[PDB]
């Protein structure tokens, strides 16, 4: 391929459901609630911290902001529609966009396309691989390890 730059991004995504300041909010629950899962059709909006380490209080490097939707009638699976926006590193203000299926119950390493980027990631080509560091299905709290491989151009 012809891109001028390659970058490996590695960080941890936190969906914080419990506690006094959750990172998300239910947008729609057309099938109500069920224990340990999000019923088909549930939509959640997220403002989720991205950190350098698995720990919530490790260095904040960005936010994953968007919505996820429960899109499977047979198991819990999510559609992620979101940006990853970076704020304390080598591409402050730059973003990556994701529109990807996320089969959190049946795939251990989950691939999502990078469908766009801005700033340093204008015209980006790339992909993301997500895997759990920790998940509690009774509450929804999750810490998700991301590796993103992006090919892009001079800023």
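Residue numbers count along the first chain shown, from 1.
Engineer: For the higher mean C-alpha B factor in the entry, choose 97 to 105 or 29 to 37.
Structural biologist: On average, C-alpha B-factors are higher across 29 to 37.
Engineer: Determine, for stretches 52 to 60 and 111 to 119, which one has the higher mean CA B-factor as deposited.
Structural biologist: Averaged over C-alpha atoms, the B-factors run higher in 52 to 60.
Engineer: Among all modelled residues of this chain, ranked by Cα B factor, put residue 136 in the bottom, middle or top third, i.e. lowest, middle or highest.
Structural biologist: Top third by C-alpha B-factor.
Engineer: Tell me, lowest, middle or highest third: where does the Cα B factor of residue 24 rank within its chain?
Structural biologist: Tercile = middle for this residue's CA B-factor.
Engineer: Is residue 42 in the lowest, middle or highest third of its chain when residues are ranked by C-alpha B-factor?
Structural biologist: For residue 42, whose C-alpha B-factor we compare with every modelled residue in the chain, the answer is the lowest third.
Engineer: Taking the entry's C-alpha B-factors for this chain, is residue 83 in the lowest, middle or highest third?
Structural biologist: Residue 83: CA B-factor falls in the lowest third of its chain.
Engineer: Hey, what third does residue 17 fall into on Cα B-factor, ranked over its chain?
Structural biologist: Highest third, going by the recorded CA B-factors of the chain.
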